[PDB]
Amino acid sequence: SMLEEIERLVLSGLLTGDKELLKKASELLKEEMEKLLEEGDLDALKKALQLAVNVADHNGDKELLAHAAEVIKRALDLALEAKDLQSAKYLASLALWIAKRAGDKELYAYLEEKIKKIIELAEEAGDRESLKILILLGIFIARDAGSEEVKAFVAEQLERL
């Protein structure tokens, strides 16, 4: 409900070109993100991070973009302990988008340590279609950043895929 109203501000702000509506929506969305982080709401966090990225993609808000990189690190953490393959896949995929758009080396190195666990989550779940996505995500991680222990992990996983 609080998220539905924030979405009502982003949609109207991105329509009328109201730079003040996006400034208020991004500030409320940054605060709302820290709220659902303590509640463990993964489903609503997927929509909040989707709205945050959509705002920063249009107005170039590096502040809201950097804040999204921090909460996506914590939101991806909750998905891994919850063994949620579909949420961990969307979370890590969007994390690469923020890693590529913002050039954050911290979020890139964080993906290097978790890609071994997200891919194993897809292998443990048996979803080969969802695995091919995560295996491709591991290739993009080793391509953009110097991955010494990840490049040999995704390579061996492709043969067994």
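All residue numbers refer to positions in the sequence shown, first residue = 1.
Name the higher of the two by mean Cα B-factor in the PDB entry, 122-130 versus 49-57.
-> According to the PDB entry, the answer is 122-130.
Mean CA B-factor: is it higher for 33-41 or for 64-72?
-> Comparing 33-41 with 64-72, the higher average CA B-factor belongs to 33-41.
Could you look up the Cα B-factor of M2 in the entry and say which third of the chain it sits in: lowest, middle or highest?
-> According to the entry, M2 has a C-alpha B-factor in the chain's middle third.
Consider only the C-alpha atoms of the modelled residues in this chain, order them by B-factor as the entry records it, and name the third containing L137: lowest, middle or highest.
-> It falls in the bottom third of the chain.
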